[PDB]
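To start, the structure under review is shown below, and the notes come after it.
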Amino acid sequence: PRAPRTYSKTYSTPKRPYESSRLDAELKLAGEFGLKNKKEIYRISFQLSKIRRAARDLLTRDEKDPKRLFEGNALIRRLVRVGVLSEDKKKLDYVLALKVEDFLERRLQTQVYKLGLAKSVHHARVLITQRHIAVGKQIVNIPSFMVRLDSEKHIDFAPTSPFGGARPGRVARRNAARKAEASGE
Amino acid sequence: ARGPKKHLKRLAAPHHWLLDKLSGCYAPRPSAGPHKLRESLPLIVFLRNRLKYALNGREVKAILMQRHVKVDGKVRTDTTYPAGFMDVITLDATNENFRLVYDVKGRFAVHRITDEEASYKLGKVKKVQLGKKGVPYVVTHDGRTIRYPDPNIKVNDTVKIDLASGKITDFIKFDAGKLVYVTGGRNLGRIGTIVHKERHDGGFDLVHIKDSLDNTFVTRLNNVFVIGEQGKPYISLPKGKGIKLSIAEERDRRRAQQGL
Amino acid sequence: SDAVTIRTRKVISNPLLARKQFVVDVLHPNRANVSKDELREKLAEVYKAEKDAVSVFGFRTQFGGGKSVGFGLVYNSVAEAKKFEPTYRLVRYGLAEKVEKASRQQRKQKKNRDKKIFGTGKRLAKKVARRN
RNA sequence: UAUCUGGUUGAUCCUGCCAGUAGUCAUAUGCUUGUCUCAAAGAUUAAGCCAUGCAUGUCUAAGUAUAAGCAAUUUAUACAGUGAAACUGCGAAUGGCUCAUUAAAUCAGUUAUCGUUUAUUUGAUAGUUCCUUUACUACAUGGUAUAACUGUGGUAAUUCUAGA
RNA sequence: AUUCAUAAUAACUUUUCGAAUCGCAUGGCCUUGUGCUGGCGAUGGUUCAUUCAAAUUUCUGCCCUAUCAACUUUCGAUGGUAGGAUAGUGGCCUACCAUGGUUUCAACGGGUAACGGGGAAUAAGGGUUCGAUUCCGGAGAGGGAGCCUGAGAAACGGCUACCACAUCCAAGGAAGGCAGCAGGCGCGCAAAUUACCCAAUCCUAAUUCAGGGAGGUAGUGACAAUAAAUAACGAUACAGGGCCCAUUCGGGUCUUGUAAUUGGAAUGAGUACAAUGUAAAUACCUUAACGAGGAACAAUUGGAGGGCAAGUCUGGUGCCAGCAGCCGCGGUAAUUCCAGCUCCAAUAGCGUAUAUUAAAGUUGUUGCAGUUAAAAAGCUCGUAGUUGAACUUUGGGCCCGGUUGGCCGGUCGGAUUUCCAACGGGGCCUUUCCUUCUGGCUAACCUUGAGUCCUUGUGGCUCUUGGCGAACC
RNA sequence: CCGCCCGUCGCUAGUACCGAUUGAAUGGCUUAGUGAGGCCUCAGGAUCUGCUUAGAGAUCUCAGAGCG
Numbered sequence: 002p003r004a005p006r007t008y009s010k011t012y013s014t015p016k017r018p019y020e021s022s023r024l025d026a027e028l029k030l031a032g033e034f035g036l037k038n039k040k041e042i043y044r045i046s047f048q049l050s051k052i053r054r055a056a057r058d059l060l061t062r063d064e065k066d067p068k069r070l071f072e073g074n075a076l077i078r079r080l081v082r083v084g085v086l087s088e089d090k091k092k093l094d095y096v097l098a099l100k101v102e103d104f105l106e107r108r109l110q111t112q113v114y115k116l117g118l119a120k121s122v123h124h125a126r127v128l129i130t131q132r133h134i135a136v137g138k139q140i141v142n143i144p145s146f147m148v149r150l151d152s153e154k155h156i157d158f159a160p161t162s163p164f165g166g167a168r169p170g171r172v173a174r175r176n177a178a179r180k181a182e183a184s185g186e
Numbered sequence: 002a003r004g005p006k007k008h009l010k011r012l013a014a015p016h017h018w019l020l021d022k023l024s025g026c027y028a029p030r031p032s033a034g035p036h037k038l039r040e041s042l043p044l045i046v047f048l049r050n051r052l053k054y055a056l057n058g059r060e061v062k063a064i065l066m067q068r069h070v071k072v073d074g075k076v077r078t079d080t081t082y083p084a085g086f087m088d089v090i091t092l093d094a095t096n097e098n099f100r101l102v103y104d105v106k107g108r109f110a111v112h113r114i115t116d117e118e119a120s121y122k123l124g125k126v127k128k129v130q131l132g133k134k135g136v137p138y139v140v141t142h143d144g145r146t147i148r149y150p151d152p153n154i155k156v157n158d159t160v161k162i163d164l165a166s167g168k169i170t171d172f173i174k175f176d177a178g179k180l181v182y183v184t185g186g187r188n189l190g191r192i193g194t195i196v197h198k199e200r201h202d203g204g205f206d207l208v209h210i211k212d213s214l215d216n217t218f219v220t221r222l223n224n225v226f227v228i229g230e231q232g233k234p235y236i237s238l239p240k241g242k243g244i245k246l247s248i249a250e251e252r253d254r255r256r257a258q259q260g261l
Numbered sequence: 002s003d004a005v006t007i008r009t010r011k012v013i014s015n016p017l018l019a020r021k022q023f024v025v026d027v028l029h030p031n032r033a034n035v036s037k038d039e040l041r042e043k044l045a046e047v048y049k050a051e052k053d054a055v056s057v058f059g060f061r062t063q064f065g066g067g068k069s070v071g072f073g074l075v076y077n078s079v080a081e082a083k084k085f086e087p088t089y090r091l092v093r094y095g096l097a098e099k100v101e102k103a104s105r106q107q108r109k110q111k112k113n114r115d116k117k118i119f120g121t122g123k124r125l126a127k128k129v130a131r132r133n
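Residue numbers (the authors' numbering), protein chains in the order written: chain W, 2 to 186; chain S, 2 to 261; chain d, 2 to 133.
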């Protein structure tokens with residue numbers, strides 16, 4: 002037998018499942034950004050959790066330490082390239098603060114809506130999950146993504162499928178051919 | 002378990018062959034050879050993974066079986082032959098020559114060498130005793146015994162070997178003021194000339210070493226192996242020069258300065 | 002078909018096998034897949050060695066579409082290609098023909114039967130003939 | 001992500017459990033079941049029993065091939081193209097499988113063999129044996145067999161084997 | 001560190017080795033004969049090292065149990081002598097001699113649903129539980145015991161016998177082992193196909209060209225994970241914010257929701273030409289030709305008294321049937337049962353068991369409690385164990401001197417450069433011992449030749465006729 | 001206080017323990033007695049095969065005997 006392909010779960014469930022404060026507040030996010038499940042929210046809060054604990058572990062050691070410097074600069078720069086944390090607070094103490102809202106803002110589901118063109122966030126999600134849109138030459142079909150700052154200006158419709166160009170589609174084929182042209186025998 | 006182990010899995014083999022976890026269960030066990038199992042590097046590993054010439058084992062065998070390539074300027078047709086530290090891999094592919102020397106991270110880089118350097122190699126003398134009929138002899142790290150040596154050559158010293166002939170062209174004594182490479186373990190693939198030696202009765206002579214930046218350290222003498230005189234190394238060193246940069250200098254040079 | 006545009010990236014010359022090895026990258030908007038046979042036809046525009054002498058193998062399409070990556074070889078002469086290339090690729094190229102013989106377990110059964118007979122075994126048959 | 005909440009009283013505050021709660025590369029089991037990637041899967045009772053088939057064989061320019069084989073040697077009445085079979089030499093002690101026993105035993109880290117065996121690689125390595133090296137037998141290099149084989153059989157039967 | 005490597009004598013050998021081996025190209029020579037020499041290898045070949053290892057071995061650590069306090073010493077116990085035996089040391093085993101070795105800092109016995117580690121689960125920190133399982137090591141191939149052969153086995157896809165099961169049969173004998181792959185039976189709460197293939201990654205062979213359920217490739221696969229379709233957009237009729245140019249009485253982008261009223265648009269799931277993929281296929285990734293408007297291509301699984309989020313809605317049942325993890329509901333108006341309406345949770349996934357972790361500061365070293373809630377032993381002695389007063393050189397300086405930050409920013413936010421406060425170091429003197437003594441040193445320069453290319457600065461590049469032995473062994 | 005609650009007695013279901021059985025089965029350890037099998041040796045020599053004084057007529061068994 003060969004070595005195992007390693008794995009570990011990304012979502013992390015809450016402790017108290019029925020709570021009035023959490024259920025009401027978390028569902029608003031889901032309604033605004035258009036998240037299908039609570040699992041996605043929990044995933045985002047798990048990544049965020051990992052970042053937080055890492056930052057705490059960096060901060061327990063002294064300043065001007067080899068471990069604290071390097072890791073801090075790379076963590077911070079990772080959080081900058083994705084665009085969650087802006088340029089003003091690049092201090093390592095600020096990454097402890099942060100919030101889930103910023104993370105969901107940085108998802109490609111809503112970055113199409115924040116650009117515009119897709120009207121509603123739900124519509125944008127539909128566009129993404131139905132093979133439309135692209136980061137550059139590379140096509141993307143997944144709502145969750147994290148756009149990497151430089152990628153922002155290159156987001157547009159893909160060459161394949163309409164809006165960008167190419168053929169019309171199925172419904173339009175049926176309207177143009179099976180209905181409109183087929184009237185004349 | 003009832004005799005020698007012929008098979009060898011991935012994972013059990015050393016980390017410094019850069020063997021990917023997947024794309025196979027097993028690894029090439031190095032054949033019984035000059036060098037040890039864990040330190041050395043198979044020829045297959047040197048071909049398909051490092052140099053990228055061959056893809057499969059098939060291709061490697063087809064390259065080796067037509068002579069062409071040769072360790073120590075000798076046929077060497079077996080697939081998993083242990084090419085270890087400081088060995089000349091002579092190829093007929095556009096007159097290319099290769100020396101196995103350690104890197105910053107304790108690996109075997111594709112370090113090319115001149116046609117003049119291909120003539121000779123080095124070797125750490127491990128013991129010197131009388132053989133039969135009172136004839137003295139030395140033994141290098143790769144088992145290359147040399148009959149009728151110079152009495153100056155004592156244990157722990159280096160010998161320059163001529164390959165074409167089993168002879169001693171030169172010898173270098175073991176002390177400070179010499180360029181001193183270091184193999185084995187934590188400080189593997191570094192150079193710092195020796196500051197001073199330490200005796201310690203009952204084995205293990207920890208030597209003190211001081212690199213060009215004066216970041217001193219200590220290593221065990223068994224893993225220490227010298228090279229040449231101060232500012233005059235008898236072999237051409239690779240990129241890095243046996244210094245070892247910290248992670249800060251790495252993030253300055255290897256992911257900031259080098260970019261377009 | 003549109004563009005096509007063959008790009009042989011990561012070129013390594015291999016003197017010890019008498020070939021070159023390279024990464025074939027293709028830009029193919031407005032067509033499904035790349036097709037190896039067409040690339041064999043059109044790779045000779047840059048290298049010039051007929052087709053069977055060259056060879057290629059090894060592809061995969063990029064996500065979405067319009068593009069394909071691949072890994073391939075170009076041998077100089079035909080004989081070299083024949084002797085160095087794996088046997089199965091020759092069948093794909095149409096040079097060699099694999100002898101489609103019995104199943105693996107069937108062959109193993111045959112081997113066992115041969116183990117069970119000592120010597121040539123014509124003696125046993127002759128003994129049976131004398132018996133009846 | 002350093003958290004609690006209901007249950008004993010007429011109501012209270014406590015000791016103190018009970019139940020709730022989330023996780024599980026810990027399993028089963030119920031219902032439900034569209035996609036992609038990735039994947040452990042007769043361990044637990046039972047190292048309980050097993051039909052049957054398969055899992056270790058092995059060739060180059062280079063040990064032995066008048067196969068009474070094939071296709072022919074076109075350099076071969078010494079073989080000197082290929083080559084089943086057998087002899088020889090290696091391999092079969094690696095692997096893969098399971099965990100029953102086993103508590104200072106295995107085991108980990110850590111020494112040591114100046115208490116030793118070590119096929120094989122790898123590098124070195126015995127010009128002095130006709131001990132009457134004054135005839136001594138050939139050293140232009142000699143003898144003992146014996147498988148495959150041809151043919152005669154034995155037994156109900158097994159990769160049983162007998163003579164010649 | 002040696003009776004070591006090694007050498008040289010006196011010896012024995014019942015006899016180790018010193019190629020009677022094989023292939024490619026065929027030459028270079030000589031007073032010229034099937035003459036003398038001749039390259040490139042392959043495989044053998046004794047010893048020595050090397051490699052692969054193997055075997056023993058030092059120390060240190062392991063799960064519960066004193067309703068397991070004495071065990072080991074007979075036919076080995078601990079030690080010594082001498083042998084035998086091993087590749088070897090050694091009670092390993094003989095004959096003799098001695099009386100030891102272990103232990104309540106817990107031996108010896110018993111249990112373990114105990115192979116040991118690397119690890120896994122949980123996590124504030126400390127911990128507790130698991131580790132048959134993909135890597136290392138061990139052990140065994142039904143139970144035991146013995147052995148051939150090889151370098152290597154006490155081998156089991158080698159053998160031998162006895163025990164237990166169990167097969168063919170002419171009864172005369174003959175052949176057995178899956179805890180290898182795939183399966184069949186048993187036991188089960190519990191687990192997959194008698195599939196393809198050496199193309200990979202390796203391994204074995206006299207070996208690039210063979211063989212390998214080693215392994216890899218499909219299938220079965222809700223054990224676990226990752227991503228993630230289950231529908232978006234308008235128009236019309238409603239209760240509205242009211243927005244664009246602010247020519248306040250022009251028409252519709254954004255709309256907050258409710259409306260089987262309606263019009264197009266985009267797709268997948270799925271069918272499949274082709275190609276790719278591959279040992280060869282299946283998938284995936286692609287993509288011609290097709291494939292959404294409702295019983296369409298419909299998503300469930302648990303709940304709705306409290307804990308815990310959501311119902312005092314509608315009918316049946318009437319302490320009955322039942323629900324209920326807990327408290328409690330049901331005796332004829334049930335916000336807990338049975339259904340239906342509507343709602344809530346999680347959402348291609350939820351519920352139910354048993355084990356376990358957290359919460360459990362309900363095991364507590366960190367971190368519990370012991371007046372009355374369970375708990376201080378009747379009291380004292382006392383061995384082990386645990387713990388146990390203070391006191392045995394601080395201060396003062398002298399320099400040398402790195403690290404912090406700002407004027408010095410004379411370089412264009414960095415810092416050429418030092419005063420400045422703080423922070424850690426190194427020497428020396430203060431009665432202060434920082435092991436000593438000797439051959440290379442007369443070295444850290446009282447030896448001084450001209451001492452100068454250094455703002456009237458004891459802050460800093462040079463050098464002759466030569467001096468205080470630890471800066472190294 | 002008609003409040004709570006303690007036990008002798010009858011009554012359904014279970015639960016361990018004791019145990020008639022000089023139960024029965026299975027395991028480890030062992031007194032005494034017996035002990036296959038290979039392996040090592042003391043012997044044994046069916047048979048095969050060399051040498052030689054020596055048998056037969058000019059690497060010939062025809063007698064045997066010794067040496068192996």
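The beta-carbon is built from N, C-alpha and C at its ideal position, and this holds for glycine as well.
Query	Result
Would you say residue 16 (chain d) reaches chain W, if we count a Cβ-Cβ gap shorter than 8 Å as a contact?	no
If you count every other CB in all the chains shown that lies within 10 Å of the CB of residue 156 (chain S), and 16 or more means buried, which is it?	exposed
Check whether the region 67-81 of chain W touches the region 101-114 of chain W, taking contact to mean three or more Cβ pairs, one atom from each stretch, closer than 8 Å.	no
Along chain W, in chain order, which residues have C-beta atoms closer than 8 Å to that of residue 210 (chain S)?	Simply none; closest approach about 21 Å.
Quick check: what's the CA-CA separation for residue 81 (chain W) versus residue 184 (chain S)?	41 Å
Please report the distance separating the alpha-carbon of residue 11 (chain d) from that of residue 59 (chain d).	14 Å
Going by DSSP, what residues sit across from residue 24 (chain d) in a beta bridge?	d:10, d:72
Which term fits residue 60 (chain S), buried or exposed, when burial requires 16 or more other beta carbons within 10 angstroms of its beta carbon?	buried
For residue 77 (chain S), return the contacting residues in chain W, with the cut-off set at a CB-CB distance below 9 Å.	The premise fails here: residue 77 (chain S) is roughly 30 Å from chain W at the closest Cβ pair, so nothing lies under 9 Å.
Return the first residue and the last residue of the beta strand (DSSP E) that residue 209 (chain S) is part of.	207-211
Using a 10 Å radius around the Cβ and a threshold of 16 neighbouring Cβ atoms, would you call residue 64 (chain d) buried or exposed?	exposed
So what does DSSP say about residue 162 (chain S), is it helix, strand or coil?	strand
Which residues does DSSP list as the beta-bridge partners of residue 230 (chain S)?	S:179, S:233
Count the other CB atoms within 10 Å of the CB of residue 66 (chain S); is the residue buried (16 or more) or exposed (fewer)?	exposed
Any beta carbon of chain d sitting closer than 8 Å to that of residue 144 (chain W)?	no
What does residue 87 (chain d) reach in chain W if we use C-beta pairs closer than 9 Å?	None at all; the shortest Cβ gap to chain W is about 23 Å.
Taking Cβ positions only, does residue 118 (chain d) come closer than 8 Å to chain S?	no
Tell me which residues share the same chain as residue 174 (chain d) and place their Cβ nearer than 6 Å to its Cβ, disregarding the 5 neighbours each side in the sequence.	Nothing about residue 174 (chain d) can be reported from this structure: the residues present for chain d run from 2 to 133 only.
Relative to the alpha-carbon of residue 43 (chain S), which residue among S:221, S:69, S:9 has its alpha-carbon at the smallest distance?	S:9
Classify residue 71 (chain S) as helix, strand or coil using the three-state DSSP reduction.	strand
What alpha helix (DSSP H) runs, 4 residues minimum, are completely inside the region 39-70 of chain W?	39-60
Measuring straight from C-alpha to C-alpha, what distance separates residue 170 (chain S) and residue 141 (chain S)?	14 Å
What does residue 71 (chain W) reach in chain S if we use C-beta pairs closer than 8 Å?	248, 249, 252
If we cut at 8 Å on Cβ distances, does residue 163 (chain W) have a partner in chain d?	no
Could you check if residue 85 (chain W) is buried or exposed, using at least 16 other CB atoms within 10 Å of its CB as the buried criterion?	buried
Hey, quick one: how far does the alpha helix (DSSP H) through residue 116 (chain d) stretch, first residue to last?	105-117
Are the region 36-49 of chain W and the region 13-28 of chain W in contact at 8 Å, needing three or more beta carbon pairs?	yes
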